[PDB]
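Examining the three-dimensional arrangement
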Amino acid sequence: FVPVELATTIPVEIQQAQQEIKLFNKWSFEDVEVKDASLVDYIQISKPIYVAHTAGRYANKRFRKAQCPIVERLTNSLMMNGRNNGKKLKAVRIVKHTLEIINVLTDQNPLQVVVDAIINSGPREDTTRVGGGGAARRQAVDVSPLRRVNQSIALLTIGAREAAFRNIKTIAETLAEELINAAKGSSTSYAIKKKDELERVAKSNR
Amino acid sequence: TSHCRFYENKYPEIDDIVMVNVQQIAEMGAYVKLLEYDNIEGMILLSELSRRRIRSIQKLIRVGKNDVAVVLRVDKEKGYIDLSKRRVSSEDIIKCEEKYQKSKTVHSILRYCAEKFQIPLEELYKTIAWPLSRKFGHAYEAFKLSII
Amino acid sequence: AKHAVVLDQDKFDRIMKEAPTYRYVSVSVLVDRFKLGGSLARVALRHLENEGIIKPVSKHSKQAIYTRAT
Amino acid sequence: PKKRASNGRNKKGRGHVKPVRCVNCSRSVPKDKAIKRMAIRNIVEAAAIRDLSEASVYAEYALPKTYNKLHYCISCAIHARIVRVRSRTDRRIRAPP
Amino acid sequence: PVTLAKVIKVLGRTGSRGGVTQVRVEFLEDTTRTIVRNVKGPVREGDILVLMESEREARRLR
Amino acid sequence: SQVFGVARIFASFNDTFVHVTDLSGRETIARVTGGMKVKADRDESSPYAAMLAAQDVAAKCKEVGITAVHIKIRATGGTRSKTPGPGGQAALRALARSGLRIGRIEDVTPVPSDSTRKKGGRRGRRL
RNA sequence: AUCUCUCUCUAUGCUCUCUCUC
Ligand SMILES: [Mg+2]
Ligand SMILES: [Mg+2]
Ligand SMILES: [Mg+2]
Ligand SMILES: [Zn+2]
């Protein structure tokens, strides 16, 4: 759509309405459906980042961490454990692969699926070692939104990590699968299970 | 792969007495394997592990070892076990131990056959242990009866 | 995996009839659904992709992203 | 030395009076060293009144209040409790604050 | 059962270890209730806070 | 207009009772002991347990006939504590917010005109 | 008249000593 005439060679896709609509590396950053009420500026969406790799300041204020794209945050979380500290390019690649897998399996815009997974993993009721003398007493504490989101993301990544530790399954595919499980259908994913267990524990305590 | 549950039905019941072999300690308690019901993962939340404050965790519970336990919360949909060690009454403990032993014996019986001939394990379980259980309660009792 | 690194004729046939219906096709997937385990799976995948059969999504190696024709 | 000109508490032109058992430790303590905070508190919480007003038979009945004279003895008058410890300089102040 | 309430003011931060926030929760379904709630983690004003707990409340954490 | 019950909350320093009686008190409707609901003995004086018990009582009673309730409250005394312990207020809250109408709250703690020598033994209990 | 309300074990330890000039 509308080829721009240059002396330098530019691909057809770039020429097409990607100049017009600025959504992702060829994915929909629209749709915009958060299942829980509001939750925006805690799960970012909105800002149509092209590739989940932005170098900015997201530790230098209290809540500014929220303005990280969710995909980017996922990538960052993936970037973990010795063999992979730094190497964000790899993480980005893995995320792309995951997205592709999601697209292939049960269709849909993968971003929405990711969002769903984030929503449906994370816990409402949590436990803190309050003490009561330092002993095994844990009062049930409800979780703040941003923190909860972060926790969910971490557990998702953890699931993938667990899956990959000596297996044929490349990280990305496994991650995608677990994300899908988390979203809705089976709920036999690791992260979601863990979250549910935590919630149960919180319920049985005060 | 070798699997399949100890009893007749797939999922554990509320207030079922179990014996738990300790795998690893995390935050809630331990992700233990229930040796009275399949190998489904569950946890003892840090409040119901012992009757009194005993400070030490790796002497009264111990990683690798078995603990006399009871199932508190069960969710018949996917797979969660909220478990207790404290709610097991005095005595009762002996009974639980006996049950565990029986279960172990039953398990021992059902593997030799498999080894001798492969073939699906579920089918084997169906044709050896379950009908008797349904008739009475436990497979070891049935075995005892047979012996008699 | 208990060997299973053979481009067997029967195995090939199975692959041909099991790669459709399922949307996602990969080496890992193949390993999961019990046919070929490892290096020759990749080869099989490659030789399924000459003209048609399974359409590519991936423009990247090491991880394969392939969808059957609808 | 004597910490107080009142030595203990209050026993002047009196002597060897009558004992009270405490709140928490329940110990025998004279009715002067006794320490009496006196608790006036409405039966419910400060935030648990509106709800009651909403759901009741007797509309605009107001509140009953508990009047409990505590005998929080010197010893267990202090854990994170009342009365604290005052400076040997600023101990000669009998005011309620 | 599912409930959710917006936060409006923070009643400081309490805990032996600390970190855990005491919040004043106002329900977006009927604004007549402002309850003292235990919240774990970073929380400001005007945030939707999901609650699995319906009615139980605690102040100090010890 | 309304059927009136009597709550009689015994939320002593250890365990709660929501022993809902008639109006003369001779015949009980439903009791559900506060420490029954949670089988953790640490969580018996806990407000949560009390609240749960109250909710259970409401379920038993509100969905059978009795809509209005006078609330008597006593956390022991005479020789014990003479002070409302943890669990009474919570129970009351639960009663209110389950949906039951309130027919005047009142405290009937047993307060002596000086009693027998209570436990401790002069020097008292040592923490 | 606005408090709100927290929590338990923990035993002992032997190796010196110092002034000036007005
Ligand atoms: Mg005289
Ligand atoms: Mg006694
Ligand atoms: Mg004694
Ligand atoms: Zn005292």
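Residues numbered from 1 in each chain as written, not as in the entry; some residues may be left out. Chains lettered and ligands numbered in written order. Part of a larger assembly, values for the part shown. Heavy atoms only, no water.

cryo-EM is the method the PDB entry states for this structure, with the resolution given as 4.00 Å.

1. A few points about the interface of chain B and chain F
Stated formally: Should any heavy atoms of two residues lie within 4.5 Å, those residues are counted as being in contact. Buried area: the accessible area, evaluated with a 1.4 Å probe, that two parts lose upon being put together, summed over both parts. Each reported salt bridge corresponds to a side-chain nitrogen of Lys or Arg within 4 Å of a carboxyl oxygen of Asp or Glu. In protein, a polar contact requires one atom able to donate a hydrogen and another able to accept it; more generally it is a pair of N or O atoms within 3.5 Å, and residues adjacent in sequence count only if both atoms are side-chain atoms. Only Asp, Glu, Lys and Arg are considered charged, only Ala, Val, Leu, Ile, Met, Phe, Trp, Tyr, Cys and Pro nonpolar, and every remaining residue, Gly among them, polar.
Residue-level contacts link 6 residues of chain B with 4 residues of chain F. Across the chain B to chain F interface the summed buried area is about 390 Å²; carbon plus sulfur atoms make up 25%. Per-residue buried area on chain B facing chain F is highest for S47, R86 and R87 of chain B; these three make up 71% of the total on that side. With a closest N to O distance of 3.4 Å, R86 of chain B and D41 of chain F form a salt bridge. Seen at the junction of chain B and chain F, the total is 3 residue pairs in polar contact. Looking at side-chain class alone, the side of chain B that touches chain F contains no nonpolar, 2 polar and 4 charged residues.

2. Examining the pattern of salt bridges
Heads up, the rule is: Secondary structure elements are taken from DSSP: a helix is a run of H or I of four residues or more, a strand is a run of E of two residues or more, and numbering for both begins at the N terminus.
One pass over the full model with this rule turns up 19 salt bridges over all chains. The residue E27 of chain B makes a salt bridge to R138 of chain A at a minimum N-O spacing of 3.6 Å. With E27 of chain B in the loop between β1 (17-21) and β2 (31-34) and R138 of chain A in the loop between β1 (125-127) and β2 (140-143), the pair connects residues from two separate chains. With a shortest N-O distance of 2.8 Å, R93 of chain F and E57 of chain E are connected by a salt bridge. Of the two residues, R93 of chain F is situated in helix α2 (residues 88-98) and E57 of chain E in the segment after β4 (48-51); the pairing between them involves two chains. Through salt bridges that share partners, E125 and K203 of chain A together with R56 of chain E make up one connected network.

3. As for unusual backbone geometry
The criterion, for reference: Buried means the residue's accessible area, taken with a 1.4 Å probe over protein chains only, is under 20% of the maximum for its type, while exposed means over 50%, and partly exposed covers the values in between.
Even without being a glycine, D30 of chain E presents a positive backbone phi close to 65°. In this fold, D30 of chain E is placed in the loop between β2 (21-27) and β3 (34-40). Located in the positive-phi region is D114 of chain F, a residue other than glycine, with phi close to 65°. Residue placement: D114 of chain F occurs in the segment after β5 (101-107). By relative accessible area, which is 77% here, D114 of chain F ends up exposed.

4. So, the state of the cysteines
Residue and element names in this part refer to chain B. We count it as follows: Defined by distance alone, a disulfide is two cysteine sulfur atoms within 2.5 Å.
Scanning the entire structure with this criterion turns up 0 disulfides over all chains. Residue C4 stays outside any disulfide, its sulfur separated by 14 Å from that of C113, the closest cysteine. Of the residues examined, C4 reaches a relative accessible area of 10% and is grouped as buried.

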